[PDB]
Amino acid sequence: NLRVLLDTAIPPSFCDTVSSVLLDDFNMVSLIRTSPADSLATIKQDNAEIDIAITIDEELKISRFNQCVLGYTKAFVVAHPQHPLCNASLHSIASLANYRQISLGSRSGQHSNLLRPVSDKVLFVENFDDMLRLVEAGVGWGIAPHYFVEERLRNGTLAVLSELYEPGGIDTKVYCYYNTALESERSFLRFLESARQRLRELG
């Protein structure tokens, strides 16, 4: 009985080639979604008995778990096309700390260095859809995975601000936190390669 956690920032499609692989080796496989901001909070609860977590969030050592890199995914800073900072200049990008940010909140109330909001003017939400609702309505700017803002960008309903900061979008590591048991377990190594293979393709 394997239990896998995937945060909202992982493409849902990524699951496709992965869950096939696990199911070839494991007979029961449970899949769980959390906010990127709740992933690590969740695996630390011992009763949660999570075996593997795929998440963008980073911490330097979780008691029962080793860490490794599955690959990279792109996220963008986005606002209402006629947001003040729409011109996307370097002065614009510096000033994100002053303008209202739509951030993912956390059960634990606390945030990693990676996921903490950057502005004093913050408005917390439980998922990216809620976030992008308020960003379309010009309530604030937010940062969200490619696969969320892909549609709304071509539709002209949202504008990118991030390009002069990180051209091509903000590259962000997809980490795999795994219960120590699964080191020297050919099942997990089998998963690890196909998972990497899969996430290279989505690039």
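From 1 onward, residues are counted along the sequence shown.
Mean C-alpha temperature factor, higher of 108-116 and 86-94: On average, C-alpha B-factors are higher across 86-94.
Segment of higher mean CA temperature factor, 53-61 or 22-30: Higher mean C-alpha B-factor in the PDB entry: 22-30.
Third of the chain's Cα B-factor distribution that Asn47 belongs to, per the entry: Highest third of the chain for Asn47's C-alpha B-factor.
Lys173 CA temperature factor, ranked by third within the chain: Tercile = lowest for this residue's CA B-factor.
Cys68 - Cα temperature factor, lowest/middle/highest third of chain: According to the entry, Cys68 has a C-alpha B-factor in the chain's lowest third.
Ranked against its chain, the third holding the CA B-factor of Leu2: Middle third by C-alpha B-factor.
Modelled-residue ranking by C-alpha temperature factor, third containing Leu189: Its C-alpha B-factor belongs to the middle third of this chain's values.
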